[PDB]
């Protein structure tokens, strides 16, 4: 009746997703924009439009909040006009021209040699990859080149009258004089991860007592999909119990998300201690560094 040491693995399943309460585009990937897998209600969308061909299509929107999406690629020209528009280009090498017009527009480039015209208002461009993947140059015409390698080739996108740029790593205030990008502090950052653990004592006399998470920022909320599992106190710790068949020799917790306040630490080590028991106890632990 000696508790045998189990095996535990923790895995960051993706990079942190910074979310901003004041920017509904935050946490929406280019892919989700191109597929329509986001909440159009958060943007007050009143009309939706697509392109038609695999070549340069011109789609004009309405004076209302329009969703216009390149479903067939080719490098389409989208005119948003008035209203707060969501203009989503495609991923062909040939550029989209996305003209936001008046209102506060979301201009989603996709891949390729895209031209993004914010127009009047406070406009946001959504670019793929991280800010660090992009070279900014000033143009003679007052616009900016955003150079990025896509498919091992250097591509140039041009941005005009865009106040904000959203990358995978967050939203930046864009200085339209000198092309400075200044990081905006997120409201929260979602860190997705998984825990898997198994007993080395395989006769059913042992169960997992608990999974103890440590090293987490105070005020962080752990989720399993929908469910709130717990809020991280002063001590940086959560004791997990009852999230598995209690009989099981092997535990896999998936769909876990740690939502960290933006004011909390941009770097920490998430440690898991898997505790095996029968009267006596034994532990193993693993860590992942979260950025």
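Positions refer to the first chain, counted from 1.
The deposited model assigns a higher average Cα B-factor to 49-57 than to the other stretch when 49-57 and 256-264 are compared.
The PDB entry records a higher mean C-alpha B factor for 239-247 than for its counterpart among 239-247 and 30-38.
Across the residues 166, 177, 97, 220, the deposited record lists the maximum Cα B factor for 177.
Across 154, 145, 185, 214, the entry's maximum B-factor at the CA atom is seen for 154. Sort the modelled residues of the chain by CA B factor and residue 171 lands in the lowest third.
Per-chain ranking of the deposited C-alpha B factor places residue 17 in the middle third. Annotation for residue 200: CA B-factor lies in the highest third of the chain's modelled residues. Looking at the C-alpha B-factors along this chain, the one for residue 206 belongs to the highest third.
When all modelled residues of the chain are sorted by CA temperature factor, residue 44 is found within the lowest third.
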